[PDB]
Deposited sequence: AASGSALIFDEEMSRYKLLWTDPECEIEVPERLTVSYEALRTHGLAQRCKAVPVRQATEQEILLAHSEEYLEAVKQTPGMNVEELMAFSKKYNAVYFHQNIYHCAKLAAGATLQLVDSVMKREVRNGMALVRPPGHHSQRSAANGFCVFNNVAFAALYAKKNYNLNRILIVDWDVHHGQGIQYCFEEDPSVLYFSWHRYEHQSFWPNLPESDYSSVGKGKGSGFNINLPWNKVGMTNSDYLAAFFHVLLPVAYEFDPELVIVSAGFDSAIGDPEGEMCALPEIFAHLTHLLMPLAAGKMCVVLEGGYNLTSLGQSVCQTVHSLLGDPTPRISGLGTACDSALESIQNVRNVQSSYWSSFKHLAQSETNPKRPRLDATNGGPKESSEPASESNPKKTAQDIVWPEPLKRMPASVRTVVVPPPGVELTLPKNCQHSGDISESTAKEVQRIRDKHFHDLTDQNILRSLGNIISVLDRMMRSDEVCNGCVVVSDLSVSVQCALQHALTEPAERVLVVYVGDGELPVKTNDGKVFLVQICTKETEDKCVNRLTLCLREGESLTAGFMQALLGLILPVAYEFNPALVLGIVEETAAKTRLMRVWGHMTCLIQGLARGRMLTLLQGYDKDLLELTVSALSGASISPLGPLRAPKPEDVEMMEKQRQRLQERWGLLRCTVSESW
């Protein structure tokens, strides 16, 4: 499966508000046009498979709505403006139009076309630019600019026509999609996550069940997660902390078979409804962080978003990530604000009785295989020295250290670094080396010599490496099997059956927050002398979210499986699911909490509880 589907039609922009109603004046047809033209101006729309729109059938509509409400809406095309206004007064924050029933059927049908495209392996993922939005509509009521619930349609449709048992819905719109929650509150097969402006119930829709204490009812208890922002102005740090410490661990433990996104961009800076301070680029990462789920099968559906400029920018960021283009570096990240930390600690505590991870106590890639080893590399890869490179190698040899093979590996390292950093030609790479010491020294020092302010080293093995963590230029993440006794603040040391769950927990809760706050210019991966076979691909894919994806992996020893997985993850292929994760060993959880308490003073992004005032 390859490619991304873009589903859009100008007909969904042919309905508008016909009377004066300041509540709805923001929901304009231009939202679609500005969006699509955005993807057109940046050349993104041309790279997507343009799947056409269809109407949703009556049975498909009845999957999520009542026949009475369907018959009521079905009659709006026959009403004049006075009758339409009277009909709109019967619901909250909603207007109807002569074409709105048609357009809502088109929006639902576009969502279903996207679901069919993704599940039939015709495309890897995709986005649907639809209108009206859906996540506020309920079984027998239009609500909040929404007529029919597109995402609930998608989930129920996937369940019915593909026998899916686990679906994840991520609603990053700034409003609480109460329609989806109502639809799946007793359903443990569809996990609904939603962050939303709440302000202690004073923000629309002013529902007590939008609060963190609504975990779902009945058999679906623990499969409805609400994260209420109780203050405006939430930044990139708040969003990323919500992902790292709430959504992503639950998601990877859940192991969904399909991910559907209520992509509402009224949660971005500039929007008059959300009033948050998140830059559009954050949506490149919110997308990217979810790609390893469901083997990449992601369905992005448009919801809110009303600042035309920031809306176009955020849509472009999302599509950029869906196509696999390098995610942009996010700087200035730090601790979440106190209100966000309160919301996060509350939702974690209440959900801990369902997810034990929350309990507390009081050419894209290049490949340098061993000489003579001919490999079958994917279409986004290529193989490998010059006079300048050989001169630099001779210089470092006569200055700091006669194998000829190690010299070849060093020249290849210098060449791939030059191609990654001093050019847009190559993004990331992988080299099989012999001597780990000399290879790592050359790699790190030459990366620092190139315009690389900071470097994030990720070493899997034991013993000490030749890398100094004194100055604020290098951060080391060591995955070992021996004692830690960590002392430096620029290092994260980590020490067989429960190893997969523990490693994923450590990656989502400790590695990614520190690494995102660090904002490196180059990630340098090392693997000594094979439990890593279970997790290494996920780590590579998730760590590519930094340094614009520029990652140089050094592998000490040939392993066809490990090399294949490394290059596949680096080149952007789909990651295979880990299977439903379980519980890590309690000693490992205690060790992770100790590392967090050790590092969270310097690295605020590690916090998931409001700090204690001395």
property: Missing C-alpha runs, given along the deposited sequence, first residue counted as 1; result: 1, 364-412, 435-436, 454-456, 551-553, 588-591
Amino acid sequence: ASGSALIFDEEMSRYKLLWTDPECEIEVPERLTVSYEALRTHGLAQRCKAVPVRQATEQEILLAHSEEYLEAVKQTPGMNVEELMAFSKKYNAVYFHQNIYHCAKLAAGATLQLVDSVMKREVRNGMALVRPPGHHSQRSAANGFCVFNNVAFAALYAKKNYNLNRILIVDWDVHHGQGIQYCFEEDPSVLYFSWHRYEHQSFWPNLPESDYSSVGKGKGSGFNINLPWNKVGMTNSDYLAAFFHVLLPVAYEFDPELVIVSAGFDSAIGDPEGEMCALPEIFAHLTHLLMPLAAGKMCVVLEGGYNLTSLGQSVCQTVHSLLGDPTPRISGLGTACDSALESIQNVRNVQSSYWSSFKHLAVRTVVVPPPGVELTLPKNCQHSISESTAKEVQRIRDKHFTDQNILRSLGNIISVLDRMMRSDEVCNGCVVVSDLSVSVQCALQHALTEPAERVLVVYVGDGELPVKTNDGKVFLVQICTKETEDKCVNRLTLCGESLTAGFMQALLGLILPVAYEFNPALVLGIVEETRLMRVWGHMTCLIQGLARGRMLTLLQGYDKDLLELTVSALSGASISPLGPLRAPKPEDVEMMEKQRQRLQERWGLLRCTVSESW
From here on, numbers count along this sequence of modelled residues.
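We call the rigid core the largest set of C-alpha positions that still match within 1.5 Å between the two forms.
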property	result
Divergent stretch in 7 other deposited structures of this protein, 443-451 or 120-128 [C-alpha RMS, superposed by the core]	443-451
Greater root mean square CA deviation, 152-160 compared with 348-356 in 7 other deposited structures of this protein, core aligned	348-356
Check: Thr530 without coordinates in a third or more of other entries	yes
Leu581 dropped in a third or more of the other entries	yes
Of 299-307 and 388-396, the one with larger mean CA B-factor	388-396
Comparing 501-509 with 221-229, the one whose average Cα B-factor in the PDB entry is higher	501-509
Out of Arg47, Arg582, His65, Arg31, residue topping the C-alpha B-factor column of the entry	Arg582
Candidate residues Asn405, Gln313, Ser140, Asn125, the one whose C-alpha B factor the record puts highest	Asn405
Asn165 CA temperature factor, ranked by third within the chain	middle
Lowest, middle or highest third - CA B-factor, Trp536	highest
Lowest, middle or highest third - CA B-factor, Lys16	lowest
Within-chain third of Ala38 by Cα B-factor, per the entry	middle
Chain-relative CA temperature factor third for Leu546	middle
